[PDB]
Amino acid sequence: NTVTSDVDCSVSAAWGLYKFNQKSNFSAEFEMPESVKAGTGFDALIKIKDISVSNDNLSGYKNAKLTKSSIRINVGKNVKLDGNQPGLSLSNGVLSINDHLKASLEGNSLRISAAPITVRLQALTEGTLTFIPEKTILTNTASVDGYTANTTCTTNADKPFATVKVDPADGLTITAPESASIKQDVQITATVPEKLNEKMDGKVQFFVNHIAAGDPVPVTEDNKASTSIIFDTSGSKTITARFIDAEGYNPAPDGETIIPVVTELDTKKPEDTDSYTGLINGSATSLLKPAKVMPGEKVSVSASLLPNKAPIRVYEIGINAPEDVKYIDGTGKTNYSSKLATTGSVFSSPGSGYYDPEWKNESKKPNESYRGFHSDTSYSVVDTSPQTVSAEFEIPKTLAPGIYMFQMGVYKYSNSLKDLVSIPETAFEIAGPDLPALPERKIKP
């Protein structure tokens, strides 16, 4: 990263009575971090390489020293000097390195040299620092044989010495579950960088879907802030933390996060020793990436039971859609050979040797969309291959906005287990209205 660029020098000496041109090369090594954070001090080491100038009248001179000098570098407007640093000045994106050049006379030649200069900088905002040489890269004043010579060297180098990526400074974070159900406490924690909260007297105003949620929470001694939110309805909820300082300015960006919220999550019972998966429109979704579906739409769902162990006894499987979502007739297939024993929560025998789930007795029953299937061959499952049921459903055009999930109805084991299992891989979401705009941040002037 030693960047070379040739220069054109004008000399005025003896009060302008003796002007001449001179060509030369300016060459410098800029060692800086490849990358930094906005706001973090860093060093720039500048090695300037020696220059020879070979005018023939130099052999004729008896003494020389520089009395002034300047290296002019275009460092842009995204940087400042970190600490008063003598010799160095910064004005209008011009870093001016002053009085650092030494000039030793050497017969026929003039050797201009410099001890490496260290410059501590810090960038202001996220972006890039680009170091360009200035057109007038170099001026100096020389005292030769009792005369004063003024020099101005211009260059045409477009080529940056170094580039530095400015990554942003640390920002607010927010910690929420994962996922949540309605009617339950959800803890939310914001954290504020040490650096925004230096004076240790700030607050964090939370928002839920862009509405203010409670009074601003005062930040703790450990730069944290917490609230507790109880959700009313399902949906991808946007949580926003806004930081406020001693005199309510919002100097930092807001932190945002999203919590998927469900009506309920019906996990497999503890004694259910298997596990489950599914698909919706041929894909395993997640309640964090729910399928985007509009009301009025027909979807296809698959639900699989993945045995932990074989053989297990497995009697009835089926897909229990959400309330109002209607089953499409004759679409329910199994992985295997089967007859349909159960419509709704009503069982009726499709032959002798078929066991009744008695969903009637259970506290949670399947709804009108549920279709339950028994194997005609055997109730034993020979291996650990997925036991899959799949069908197509219709979403009514009036189904409410929120996050929805399909369930698997299952009745199994010698020790008779009956359960409805929410399969997050089948999650879809009916979009609500666009959030309202957030109140504007109050930036300091």
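Note that residue numbering follows the sequence shown and begins at 1.
The mean C-alpha temperature factor is higher for 323-331 when 72-80 and 323-331 are set side by side. According to the PDB record, 264-272 carries the higher mean C-alpha B-factor of the two stretches 264-272 and 162-170. The residue among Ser390, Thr67, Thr40, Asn63 whose C-alpha carries the highest B-factor in the deposited model is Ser390. Looking only at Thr118, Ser369, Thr240, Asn140, the residue with the top Cα B factor in the deposited structure is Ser369. Looking at the C-alpha B-factors along this chain, the one for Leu45 belongs to the lowest third. Looking at the C-alpha B-factors along this chain, the one for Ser338 belongs to the highest third. Ranked against the other modelled residues of its chain, the C-alpha B-factor of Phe131 as given in the entry falls in the middle third. Sort the modelled residues of the chain by CA B factor and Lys289 lands in the middle third. Among the modelled residues of its chain, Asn150 has a C-alpha B-factor that falls in the lowest third according to the deposited record.
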